[PDB]
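Comments concern the structure below.
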There are 2 protein chains.
Amino acid sequence: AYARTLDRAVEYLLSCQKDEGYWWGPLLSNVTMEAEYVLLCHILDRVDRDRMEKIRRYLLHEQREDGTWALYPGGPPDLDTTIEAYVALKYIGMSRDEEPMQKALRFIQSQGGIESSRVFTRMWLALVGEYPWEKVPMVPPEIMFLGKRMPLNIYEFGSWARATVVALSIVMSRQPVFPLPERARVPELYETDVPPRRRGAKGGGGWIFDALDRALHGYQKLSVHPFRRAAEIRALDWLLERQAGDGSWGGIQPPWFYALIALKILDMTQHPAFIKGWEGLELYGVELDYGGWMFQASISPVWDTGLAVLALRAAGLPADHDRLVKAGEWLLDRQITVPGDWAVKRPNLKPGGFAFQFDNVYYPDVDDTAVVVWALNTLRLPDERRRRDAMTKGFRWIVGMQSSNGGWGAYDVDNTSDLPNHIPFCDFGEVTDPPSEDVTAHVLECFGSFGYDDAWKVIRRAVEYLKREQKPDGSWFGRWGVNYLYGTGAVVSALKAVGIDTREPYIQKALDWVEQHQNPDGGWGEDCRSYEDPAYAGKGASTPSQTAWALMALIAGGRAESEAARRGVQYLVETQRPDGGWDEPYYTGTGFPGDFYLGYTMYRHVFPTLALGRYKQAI
Amino acid sequence: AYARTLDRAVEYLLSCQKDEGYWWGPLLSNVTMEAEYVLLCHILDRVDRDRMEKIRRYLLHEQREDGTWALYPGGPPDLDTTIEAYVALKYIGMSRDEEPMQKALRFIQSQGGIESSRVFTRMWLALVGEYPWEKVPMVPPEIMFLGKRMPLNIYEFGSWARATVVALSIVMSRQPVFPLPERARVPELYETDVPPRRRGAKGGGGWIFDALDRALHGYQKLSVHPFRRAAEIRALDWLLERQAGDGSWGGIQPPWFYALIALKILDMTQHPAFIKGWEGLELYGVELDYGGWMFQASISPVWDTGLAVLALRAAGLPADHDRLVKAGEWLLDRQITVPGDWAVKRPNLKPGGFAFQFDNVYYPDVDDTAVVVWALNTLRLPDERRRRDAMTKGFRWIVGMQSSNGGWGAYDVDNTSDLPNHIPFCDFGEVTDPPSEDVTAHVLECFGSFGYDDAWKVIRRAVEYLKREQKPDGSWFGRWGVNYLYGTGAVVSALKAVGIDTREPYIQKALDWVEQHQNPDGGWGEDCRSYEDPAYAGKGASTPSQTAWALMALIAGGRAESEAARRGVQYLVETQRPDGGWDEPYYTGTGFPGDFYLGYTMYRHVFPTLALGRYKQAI
Ligand SMILES: C=CCN(C[C@H]1C[C@@H]1COc1ccc(C(=O)c2ccc(Br)cc2)cc1)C1CC1
Ligand SMILES: C=CCN(C[C@H]1C[C@@H]1COc1ccc(C(=O)c2ccc(Br)cc2)cc1)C1CC1
Ligand SMILES: CCCCCCCCOCCOCCOCCOCCO
Ligand SMILES: CCCCCCCCOCCOCCOCCOCCO
């Protein structure tokens with residue numbers, strides 16, 4: 001039955017593999033990436049008419065009937081995302097009259113206008129002079145002076161926020177303005193009667209910070225700020241030191257863009273770092289067949305390769321398959337062997353983790369490291385020495401990264417300060433990197449592949465963490481994947497792997513929860529709205545990936561020979577395309593709960609294959 | 001008569017011009033460049049068999065009958081240069097037996113062996129483990145803490161020395177050792193009875209520094225050096241900030257190589273600065289027609305283009321010659337507009353100088369700036385706006401650079417501290433950048449082209465400087481060119497240009513001195529020995545360049561219609577080749593008096609053309 005499904009899925013995956021031996025699906029987000037790029041180009045005075053065109057096609061193509069843009073496909077209109085697209089288009093050439101611009105304008109106005117947008121949006125506009133800098137939360141270069149153990153020092157922030165802060169402190173220090181031509185001025189963004197509904201700091205704003213901001217904005221106005229020249233250089237140097245190999249910073253869009261703007265402010269356009277930073281951009285861009293062009297928020301080569309391998313193995317291919325070896329070798333060359341920012345909390349920990357993108361040595365993450373090390377543990381490579389060695393280095397690094405509560409974060413250890421969540425500036429997504437259930441799960445499943453069971457203290461401290469986090473309905477939150485189906489699947493699968501008993505109550509309470517959300521069509525689906533409204537937990541159109549996740553939770557919990565189980569397998573079998581792949585018009589990936597969503601192009605092919613491979617194992 | 005000579009010279013130069021519109025002759029030095037490169041490759045574990053080959057042919061080809069190598073062609077054997085070439089060859093494959101190895105070895109031993117070599121040589125060997133680090137003058141990272149105005153702070157050193165110091169402080173801080181394979185160990189460098197004759201600090205060693213060093217080497221042996229981590233990062237950052245656009249550092253061999261070694265020490269081989277730094281090297285290499293390969297100590301594109309233009313103009317071509325325009329435009333795009341290290345002494349001075357090499361924004365020099373601004377002042381470019389503007393910016397930058405004594409230095413203002421000349425480490429070439437007669441001359445000649453005569457206070461302060469520097473026999477030292485003929489020619493030519501009276505006594509006392517050295521063959525020549533032994537001042541085989549220099553001094557001083565004058569013109573007319581150029585088997589360029597000499601490939605063609613162009617003007 002499914003065998004033909006599985007067989008076609010395999011050969012399909014194998015066809016996507018690149019020559020070098022890795023997999024790499026494009027990462028999907030939203031138009032703010034491309035829109036901000038257009039503005040970045042204006043700032044850097046490097047506008048390519050041809051590119052602007054491909055960018056306009058993409059922007060329009062993404063706009064919906066109502067004239068808005070959302071974070072995820074089929075999501076509510078987003079003000080920020082729409083404002084930035086509006087300005088972007090207007091700059092490229094669209095007149096405020098044209099149908100598309102008209103519809104957008106309405107929605108923006110009906111929302112309170114520009115005054116209701118997140119800090120970033122108002123800041124970008126501030127950069128081109130369409131909004132007063134005085135009204136933008138201030139972040140001073142001086143933050144660079146705070147010591148390792150002090151409130152708000154830059155190591156209290158999550159890796160992704162950190163670099164962005166450092167880069168912006170230089171920008172906000174000089175508060176530069178790169179004027180748009182009259183043709184693109186967007187005053188109309190203010191023309192609204194609706195009361196401005198401003199978003200506040202992620203965790204509530206204490207009058208202290210509010211005060212501190214006003215203070216900083218006044219200090220900004222002074223004629224002489226002592227030790228600021230130093231403060232700036234401290235930031236610039238912090239940047240120059242960490243620049244990624246591909247010319248980016250952290251391998252993510254934000255800091256990268258701001259870092260380039262910072263170097264531009266400092267007349268360093270003829271510096272190696274800026275040049276490399278600029279041309280490195282092209283690697284993230286993507287030519288769309290319909291004439292458009294998009295920019296990836298980040299890239300997932302290592303991640304894709306890691307899961308690809310685990311899926312093809314669980315699916316059947318030999319641990320020494322010559323095609324899976326191309327991958328295994330490639331992964332060994334990726335391992336990071338130098339201290340990253342994580343070392344600030346673990347100076348005696350030996351390097352050995354892996355990153356998400358291609359070349360990002362200073363920021364490996366526990367998730368990639370766990371999946372990559374685990375994947376390697378399922379292969380038989382020519383040089384058994386390097387495989388044995390690589391796994392051990394990574395394995396040890398993972399252990400040494402375990403946080404206090406017994407779970408694992410992504411990039412740091414105990415990055416749990418609650419302090420930064422109240423600053424005015426921080427009103428978008430996560431700003432700290434605390435332990436999460438999904439990462440912790442992947443780690444346990446990784447250790448489980450080696451054997452290490454509930455006997456080892458590390459495993460127990462973690463399982464304790466998971467048990468305490470389990471939700472009332474027996475489900476588990478999904479931090480980096482949408483959502484409860486993603487988390488529950490991860491945990492149950494992991495717990496099964498570390499020896500724990502699948503018969504326990506909490507495991508059953510979970511398994512039941514999964515069967516209880518199986519859509520009519522046999523599959524499972526969870527809409528990104530489940531982060532905003534609990535009524536959507538486990539609800540949503542069925543997707544290949546999410547179906548596969550709920551399916552793994554069941555297979556793992558013993559209910560592989562169930563109705564719900566066989567039903568779900570049927571779904572994947574029927575919905576499969578002729579080439580062997582699957583389709584998935586919805587996002588199943590999470591960047592920041594309720595704020596930033598991602599589309600993992602490979603998920604739709606890899607997880608169904610993995611789930612089917614594990615089902616075939618159950619018989 | 002000469003018209004045919006000049007006509008041929010012109011078409012020849014015009015044929016050497018590159019497409020972009022600039023001239024660029026290879027810069028010649030000595031085998032330490034290539035020899036050190038071989039070792040650099042060993043350190044960085046990046047050895048290319050094919051390249052080592054081309055390097056061996058070059059090394060051998062340069063060795064002389066006696067089996068030694070010199071700084072300049074036809075110079076005495078040099079111990080340092082010979083020791084490094086010896087080790088280099090041995091590493092590439094030569095056995096200590098072979099003829100070349102045998103002769104070299106002897107000369108080395110008859111000199112006291114490895115213990116008589118300069119610091120650098122013993123350091124390089126120290127780097128590969130063929131010499132104890134303990135015996136190498138120590139330079140600590142901590143030097144990074146000294147403030148702007150303090151003894152031995154890094155801004156008291158000359159630009160070329162500064163970067164080298166910073167880079168090495170990181171190296172010497174870790175004192176790394178990259179072992180050579182047994183096959184290449186060079187113990188035989190010690191096997192000598194001759195007493196080791198060690199070279200001391202450029203200006204004499206006070207027992208203080210001698211003690212201080214011993215102190216540092218002791219402090220080096222301790223188990224904990226507080227704030228050293230910080231000292232290092234201060235150096236690393238200092239470097240990262242200043243890296244040149246081509247990936248070099250200063251556009252010179254030394255710091256560039258050491259900076260790469262430093263980054264290697266700090267596990268930063270995957271960092272952008274290193275990559276760019278490594279691949280930028282190829283631009284300086286040169287394929288030799290006989291199968292060899294040499295590395296340029298530095299490159300002179302701007303410099304060559306600058307003189308090339310001035311010569312072709314003084315020769316006759318129109319100020320709007322479409323070919324000289326390609327050059328004029330090219331030169332405008334080179335002007336530096338950002339603060340360099342010079343700004344540390346002139347914060348309110350607006351950028352506008354030019355550099356020697358292609359892309360080196362942080363280190364413009366008064367010499368290039370003067371010759372380039374002057375050369376532009378002799379052209380008629382399409383955009384008379386940018387020409388007018390550029391000249392102004394450069395002009396002003398020159399003025400603001402003028403030192404205290406009224407003369408100009410190369411890279412800095414009043415870089416005259418006598419302190420650094422006594423440190424143990426500093427036993428090779430110049431370490432400070434004080435004002436010099438030749439640069440000062442070129443500056444005055446520049447201003448002169450505009451008009452600014454002896455009326456202007458600036459000019460006078462300088463002329464006073466020159467008058468006070470003139471030597472007893474009426475000659476002027478040659479800092480960046482060999483030698484008294486170089487300086488005297490410069491000065492007298494300049495003085496003539498700033499209105500001064502050529503009839504004055506000191507001018508005549510100079511003019512006579514010139515005539516008094518005209519070799520029998522009608523030309524002039526000065527051997528590089530004139531820096532070591534005063535018996536050679538104005539003495540040496542005749543060369544096209546030096547002949548043209550003495551010839552300019554005469555033409556400038558009114559004695560254009562003289563015997564010596566017409567005699568010299570004859571020389572150039574005859575010695576000229578059929579293609580139009582000239583030959584010059586001798587070095588007429590100076591890096592560091594008595595320590596480092598250079599061969600300016602274009603000098604032989606450009607100066608004779610310029611001299612003949614100015615002679616044609618005298619009639
Ligand atoms: C499934 C695997 C999970 N791994 C992949 C992770 C790397 C992907 C998240 O990547 C991004 C990309 C862009 C942003 C921002 O826009 C942003 C917006 C605002 C600020 Br302030 C900063 C950045 C954010 C994150 C991680 C656990 C290891
Ligand atoms: C005629 C024009 C005059 N200009 C040409 C200048 C650029 C040429 C000198 O360039 C070099 C090249 C190599 C070295 C060292 O090897 C060195 C050895 C030991 C140490 Br310590 C440091 C460097 C040094 C200098 C200057 C006045 C503007
Ligand atoms: C530059 C001094 C070399 C000593 C520093 C190496 C050890 C520092 O521990 C790591 C601290 O966390 C920051 C890491 O990001 C690395 C880039 O900085 C460059 C290498 O020092
Ligand atoms: C990064 C703070 C901005 C202050 C820089 C203004 C320039 C101050 O003059 C310092 C002169 O030293 C030469 C430095 O240029 C090299 C790169 O440093 C980066 C920005 O100047």
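Chain lettering (A, B, ...) mirrors the order of the structure tokens, residue numbering begins at 1 for each chain separately, and ligand numbering begins at 1 in order of display.
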
For residue A:269, list every protein, DNA or RNA residue within 12 Å, evaluated using only C-alpha atoms, and leave out those in the same chain fewer than 4 positions away; present the list as an mmCIF file with N, CA and C atoms, in the first residue's frame.
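File written: around-v3.cif
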```cif
data_model
loop_
_atom_site.group_PDB
_atom_site.id
_atom_site.type_symbol
_atom_site.label_atom_id
_atom_site.label_comp_id
_atom_site.auth_asym_id
_atom_site.auth_seq_id
_atom_site.Cartn_x
_atom_site.Cartn_y
_atom_site.Cartn_z
ATOM 1 N N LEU A 44 22.203 52.774 0.852
ATOM 2 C CA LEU A 44 23.532 52.524 0.318
ATOM 3 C C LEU A 44 23.726 53.069 -1.096
ATOM 4 N N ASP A 45 22.718 53.763 -1.616
ATOM 5 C CA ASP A 45 22.773 54.328 -2.960
ATOM 6 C C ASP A 45 23.216 53.279 -3.993
ATOM 7 N N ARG A 46 22.611 52.095 -3.932
ATOM 8 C CA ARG A 46 22.931 51.010 -4.851
ATOM 9 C C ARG A 46 21.661 50.370 -5.394
ATOM 10 N N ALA A 259 24.028 46.217 10.247
ATOM 11 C CA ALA A 259 25.485 46.272 10.321
ATOM 12 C C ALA A 259 26.041 46.989 9.089
ATOM 13 N N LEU A 260 25.439 46.737 7.931
ATOM 14 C CA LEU A 260 25.865 47.395 6.702
ATOM 15 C C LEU A 260 25.591 48.893 6.778
ATOM 16 N N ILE A 261 24.435 49.258 7.340
ATOM 17 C CA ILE A 261 24.050 50.667 7.482
ATOM 18 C C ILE A 261 24.999 51.358 8.447
ATOM 19 N N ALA A 262 25.362 50.658 9.514
ATOM 20 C CA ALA A 262 26.285 51.193 10.498
ATOM 21 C C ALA A 262 27.629 51.528 9.842
ATOM 22 N N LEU A 263 28.163 50.599 9.044
ATOM 23 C CA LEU A 263 29.443 50.811 8.355
ATOM 24 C C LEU A 263 29.307 51.961 7.375
ATOM 25 N N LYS A 264 28.113 52.138 6.825
ATOM 26 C CA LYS A 264 27.892 53.227 5.890
ATOM 27 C C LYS A 264 27.931 54.570 6.634
ATOM 28 N N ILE A 265 27.388 54.581 7.847
ATOM 29 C CA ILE A 265 27.364 55.788 8.658
ATOM 30 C C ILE A 265 28.798 56.172 8.965
ATOM 31 N N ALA A 273 35.230 44.389 5.149
ATOM 32 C CA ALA A 273 34.013 43.906 5.803
ATOM 33 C C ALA A 273 32.712 44.365 5.138
ATOM 34 N N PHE A 274 32.668 45.625 4.726
ATOM 35 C CA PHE A 274 31.480 46.158 4.088
ATOM 36 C C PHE A 274 31.289 45.587 2.693
ATOM 37 N N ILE A 275 32.385 45.472 1.958
ATOM 38 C CA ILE A 275 32.327 44.918 0.619
ATOM 39 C C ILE A 275 31.805 43.494 0.717
ATOM 40 N N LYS A 276 32.490 42.670 1.499
ATOM 41 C CA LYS A 276 32.089 41.288 1.666
ATOM 42 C C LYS A 276 30.654 41.207 2.161
ATOM 43 N N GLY A 277 30.299 42.083 3.098
ATOM 44 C CA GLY A 277 28.946 42.077 3.629
ATOM 45 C C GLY A 277 27.917 42.349 2.548
ATOM 46 N N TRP A 278 28.273 43.231 1.623
ATOM 47 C CA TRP A 278 27.388 43.597 0.532
ATOM 48 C C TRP A 278 27.175 42.523 -0.517
ATOM 49 N N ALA B 244 43.502 46.927 4.527
ATOM 50 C CA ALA B 244 43.365 47.584 3.233
ATOM 51 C C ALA B 244 42.273 46.950 2.382
ATOM 52 N N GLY B 245 41.886 47.643 1.317
ATOM 53 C CA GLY B 245 40.847 47.138 0.444
ATOM 54 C C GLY B 245 41.208 45.888 -0.328
ATOM 55 N N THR B 337 39.159 60.051 0.714
ATOM 56 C CA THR B 337 38.289 61.032 1.376
ATOM 57 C C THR B 337 37.892 60.676 2.798
ATOM 58 N N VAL B 338 38.645 59.803 3.451
ATOM 59 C CA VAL B 338 38.322 59.422 4.821
ATOM 60 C C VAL B 338 39.540 59.563 5.737
ATOM 61 N N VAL B 361 43.372 53.459 1.640
ATOM 62 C CA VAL B 361 42.792 54.686 2.162
ATOM 63 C C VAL B 361 43.338 55.228 3.481
#
```

- Message: Let's see if you can do this: from backbone DSSP, list all alpha helix (DSSP H) residues in stretch 232-313 of chain A, as a PyMOL selection string.
- Response: chain A and resi 232-242+253-265+272-279+301-313

- Tell me, as number ranges by chain, which residues lie within 9 Å of residue B:123, counting only C-alpha atoms; anything in the same chain fewer than 6 positions away does not count. B: 131-133, 136-137

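For the residues A:268, A:83, A:33, A:60, ranking by smallest atom-to-atom distance to chain B using only C-alpha atoms places A:268 first.
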
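Residue-level contacts from chain B to chain A at 7 Å, counting only C-alpha atoms, read residues 237, 240, 244, 245, 247, 267, 270, 271, 272 and 338 of chain B.
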
Next, write the just-selected residues to a file, as a PDB file, in the first residue's frame, keeping N, CA and C atoms as the atom set.
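Saved the output as result-v2.pdb:
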```pdb
ATOM      1  N   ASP B 237      41.748  44.133  17.107  1.00  0.00           N
ATOM      2  CA  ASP B 237      40.769  45.127  16.653  1.00  0.00           C
ATOM      3  C   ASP B 237      41.443  46.245  15.842  1.00  0.00           C
ATOM      4  N   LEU B 240      41.940  44.739  12.456  1.00  0.00           N
ATOM      5  CA  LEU B 240      40.682  44.562  11.741  1.00  0.00           C
ATOM      6  C   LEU B 240      40.132  45.873  11.189  1.00  0.00           C
ATOM      7  N   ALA B 244      43.502  46.927   4.527  1.00  0.00           N
ATOM      8  CA  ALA B 244      43.365  47.584   3.233  1.00  0.00           C
ATOM      9  C   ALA B 244      42.273  46.950   2.382  1.00  0.00           C
ATOM     10  N   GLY B 245      41.886  47.643   1.317  1.00  0.00           N
ATOM     11  CA  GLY B 245      40.847  47.138   0.444  1.00  0.00           C
ATOM     12  C   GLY B 245      41.208  45.888  -0.328  1.00  0.00           C
ATOM     13  N   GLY B 247      42.938  43.498   0.848  1.00  0.00           N
ATOM     14  CA  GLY B 247      43.161  42.431   1.805  1.00  0.00           C
ATOM     15  C   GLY B 247      44.509  42.524   2.490  1.00  0.00           C
ATOM     16  N   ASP B 267      42.977  31.254  15.840  1.00  0.00           N
ATOM     17  CA  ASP B 267      41.966  30.421  15.170  1.00  0.00           C
ATOM     18  C   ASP B 267      40.945  31.164  14.298  1.00  0.00           C
ATOM     19  N   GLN B 270      38.836  31.169   9.338  1.00  0.00           N
ATOM     20  CA  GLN B 270      37.554  31.126   8.650  1.00  0.00           C
ATOM     21  C   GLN B 270      36.881  32.486   8.695  1.00  0.00           C
ATOM     22  N   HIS B 271      37.609  33.482   9.184  1.00  0.00           N
ATOM     23  CA  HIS B 271      37.082  34.834   9.285  1.00  0.00           C
ATOM     24  C   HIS B 271      37.341  35.625   7.987  1.00  0.00           C
ATOM     25  N   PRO B 272      36.385  36.464   7.568  1.00  0.00           N
ATOM     26  CA  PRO B 272      36.540  37.252   6.345  1.00  0.00           C
ATOM     27  C   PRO B 272      37.877  37.945   6.155  1.00  0.00           C
ATOM     28  N   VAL B 338      38.645  59.803   3.451  1.00  0.00           N
ATOM     29  CA  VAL B 338      38.322  59.422   4.821  1.00  0.00           C
ATOM     30  C   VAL B 338      39.540  59.563   5.737  1.00  0.00           C
TER      31      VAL B 338
END
```

Contacts to ligand 2 at 8 Å cut-off (only C-alpha atoms and all ligand atoms) as a PDB file with C-alpha atoms, in the first residue's frame:
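So selection-v1.pdb came out as:
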```
ATOM      1  CA  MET B  33      60.178  38.678   0.275  1.00  0.00           C
ATOM      2  CA  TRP B 160      55.160  51.149   8.094  1.00  0.00           C
ATOM      3  CA  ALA B 161      56.600  50.142  11.486  1.00  0.00           C
ATOM      4  CA  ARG B 162      53.425  50.700  13.485  1.00  0.00           C
ATOM      5  CA  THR B 164      54.142  45.559  12.021  1.00  0.00           C
ATOM      6  CA  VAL B 165      54.500  46.172  15.758  1.00  0.00           C
ATOM      7  CA  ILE B 252      53.436  46.471   2.215  1.00  0.00           C
ATOM      8  CA  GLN B 253      54.777  42.973   2.713  1.00  0.00           C
ATOM      9  CA  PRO B 254      55.759  42.964   6.444  1.00  0.00           C
ATOM     10  CA  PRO B 255      52.636  43.774   8.478  1.00  0.00           C
ATOM     11  CA  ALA B 297      57.426  44.368  -1.477  1.00  0.00           C
ATOM     12  CA  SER B 298      54.751  46.911  -2.489  1.00  0.00           C
ATOM     13  CA  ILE B 299      53.096  48.242  -5.659  1.00  0.00           C
ATOM     14  CA  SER B 300      53.407  51.642  -7.341  1.00  0.00           C
ATOM     15  CA  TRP B 303      53.172  56.771  -8.351  1.00  0.00           C
ATOM     16  CA  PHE B 356      51.099  54.642  -3.416  1.00  0.00           C
ATOM     17  CA  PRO B 364      48.135  58.436   1.921  1.00  0.00           C
ATOM     18  CA  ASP B 365      51.540  60.042   1.574  1.00  0.00           C
ATOM     19  CA  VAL B 366      52.646  63.580   0.949  1.00  0.00           C
ATOM     20  CA  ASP B 367      54.837  62.477  -1.971  1.00  0.00           C
ATOM     21  CA  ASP B 368      52.130  60.774  -4.045  1.00  0.00           C
ATOM     22  CA  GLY B 409      57.371  63.828   6.189  1.00  0.00           C
ATOM     23  CA  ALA B 410      55.846  60.930   4.226  1.00  0.00           C
ATOM     24  CA  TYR B 411      52.876  59.645   6.191  1.00  0.00           C
ATOM     25  CA  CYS B 426      64.368  47.918  16.020  1.00  0.00           C
ATOM     26  CA  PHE B 428      66.521  47.164  10.655  1.00  0.00           C
ATOM     27  CA  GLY B 429      65.879  50.299   8.579  1.00  0.00           C
ATOM     28  CA  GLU B 430      63.908  53.380   9.652  1.00  0.00           C
ATOM     29  CA  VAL B 431      61.351  53.218  12.441  1.00  0.00           C
ATOM     30  CA  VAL B 439      59.495  64.983  -0.300  1.00  0.00           C
ATOM     31  CA  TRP B 480      63.476  57.683  -1.136  1.00  0.00           C
ATOM     32  CA  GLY B 481      65.819  57.617  -4.129  1.00  0.00           C
ATOM     33  CA  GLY B 589      65.349  53.631  -5.481  1.00  0.00           C
ATOM     34  CA  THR B 590      65.643  53.710  -1.700  1.00  0.00           C
ATOM     35  CA  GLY B 591      63.484  51.958   0.885  1.00  0.00           C
ATOM     36  CA  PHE B 592      65.667  52.494   3.952  1.00  0.00           C
ATOM     37  CA  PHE B 596      66.527  48.169   1.968  1.00  0.00           C
TER      38      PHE B 596
END
```

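When only C-alpha atoms are used to compute distances to residue B:344, the closest of the residues B:41, B:379, B:618, B:413 turns out to be B:413.
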
- Query: Do you know which residues are at most 8 Å from residue A:420 counting only C-alpha atoms, after dropping those on the same chain fewer than 2 positions away, and could you put them as a ChimeraX atom specification?
  - Reply: /A:152,156-157,417-418,422-423,426,431-432

With C-alpha atoms retained, could you export that selection as a PDB file, in the first residue's frame?
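Listed below is the output, out-v6.pdb:
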```
ATOM      1  CA  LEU A 152      20.921  44.648  30.236  1.00  0.00           C
ATOM      2  CA  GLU A 156      21.443  38.968  28.467  1.00  0.00           C
ATOM      3  CA  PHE A 157      19.790  39.157  25.050  1.00  0.00           C
ATOM      4  CA  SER A 417      16.880  37.201  32.066  1.00  0.00           C
ATOM      5  CA  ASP A 418      13.366  38.637  32.143  1.00  0.00           C
ATOM      6  CA  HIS A 422      10.430  45.403  29.168  1.00  0.00           C
ATOM      7  CA  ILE A 423      12.610  47.845  27.237  1.00  0.00           C
ATOM      8  CA  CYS A 426      11.689  45.392  22.265  1.00  0.00           C
ATOM      9  CA  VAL A 431      14.415  38.859  22.789  1.00  0.00           C
ATOM     10  CA  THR A 432      15.775  36.109  25.023  1.00  0.00           C
TER      11      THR A 432
END
```

- Residue nearest ligand 4 - candidates B:84, B:341, B:304, B:515, atoms counted: only C-alpha atoms and all ligand atoms: B:341

- Task: Excluding stretch 194-199 of chain A and any residue of its chain fewer than 2 positions from it, enumerate the residues within 9 Å of it, using only C-alpha atoms, and give them as a ChimeraX atom specification.
- Result: /A:109-119,192,201-202,427-428

File of the preceding selection, N, CA and C atoms, as a short mmCIF file (atom, residue, chain, number, x, y, z; two decimals), in the first residue's frame:
```cif
data_model
loop_
_atom_site.label_atom_id
_atom_site.label_comp_id
_atom_site.auth_asym_id
_atom_site.auth_seq_id
_atom_site.Cartn_x
_atom_site.Cartn_y
_atom_site.Cartn_z
N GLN A 109 -4.76 53.05 7.04
CA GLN A 109 -5.43 54.16 7.70
C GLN A 109 -6.44 53.68 8.73
N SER A 110 -7.24 52.68 8.36
CA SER A 110 -8.25 52.13 9.25
C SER A 110 -7.64 51.52 10.51
N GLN A 111 -6.32 51.57 10.60
CA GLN A 111 -5.60 50.98 11.73
C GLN A 111 -4.90 51.98 12.64
N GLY A 112 -5.00 53.26 12.30
CA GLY A 112 -4.34 54.27 13.11
C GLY A 112 -3.10 54.79 12.43
N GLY A 113 -2.84 54.28 11.22
CA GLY A 113 -1.69 54.72 10.46
C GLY A 113 -0.33 54.26 10.96
N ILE A 114 0.68 55.01 10.55
CA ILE A 114 2.06 54.73 10.89
C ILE A 114 2.34 54.68 12.39
N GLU A 115 1.52 55.36 13.18
CA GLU A 115 1.72 55.39 14.63
C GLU A 115 1.36 54.12 15.37
N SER A 116 0.84 53.14 14.65
CA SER A 116 0.46 51.87 15.27
C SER A 116 1.43 50.75 14.92
N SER A 117 2.44 51.07 14.12
CA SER A 117 3.41 50.06 13.71
C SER A 117 4.52 49.83 14.73
N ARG A 118 5.13 48.65 14.65
CA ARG A 118 6.22 48.24 15.54
C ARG A 118 7.39 49.20 15.44
N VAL A 119 8.30 49.13 16.41
CA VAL A 119 9.47 50.01 16.42
C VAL A 119 10.27 49.96 15.11
N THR A 192 -5.16 59.88 9.17
CA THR A 192 -6.15 58.99 9.75
C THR A 192 -6.76 59.61 10.98
N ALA A 201 6.05 46.98 24.83
CA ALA A 201 7.12 46.02 25.05
C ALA A 201 6.55 44.62 25.31
N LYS A 202 7.16 43.62 24.68
CA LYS A 202 6.74 42.23 24.80
C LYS A 202 6.17 41.79 26.14
N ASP A 427 9.56 45.42 21.09
CA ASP A 427 8.13 45.13 20.92
C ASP A 427 7.82 44.14 19.80
N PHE A 428 8.82 43.39 19.34
CA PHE A 428 8.61 42.44 18.26
C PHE A 428 9.32 41.10 18.48
#
```

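Near residue A:336, within 10 Å and counting only C-alpha atoms, sit residues 332, 333, 334, 338, 339, 340, 351, 352, 353, 354, 355, 359, 360, 361, 362, 363, 364, 369, 390, 393 and 394 of chain A; same-chain residues fewer than 2 positions away were not included.
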
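Omitting residue B:608 and its sequence neighbours fewer than 2 positions away, and counting only C-alpha atoms, the residues within 7 Å are residues 544, 545, 548, 604, 605, 606, 610, 611 and 612 of chain B.
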
Keeping C-alpha atoms, export the residues of the selection given above as a compact mmCIF listing (two decimals), in the first residue's frame.
```
# COMPACT_ATOMS: atom_id res chain seq x y z
CA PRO B 544 69.26 56.58 -17.39
CA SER B 545 67.33 57.77 -14.35
CA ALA B 548 68.07 62.49 -16.01
CA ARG B 604 64.41 54.29 -16.54
CA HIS B 605 61.76 55.33 -19.07
CA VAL B 606 59.91 58.16 -17.35
CA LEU B 610 60.90 64.12 -18.55
CA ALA B 611 64.50 65.38 -18.56
CA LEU B 612 64.56 65.47 -22.37
```

- Take atom CA of residue B:311 and atom CA of residue B:504 and report the distance between them in Å, one decimal. 27.7 Å

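Here atom CA of residue A:474 and atom CA of residue A:568 stand 20.5 Å from one another.
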
- Query: Between A:502, A:209, A:227, A:397, which one has atoms that come closest to ligand 4, using only C-alpha atoms and all ligand atoms?
  - Reply: A:227
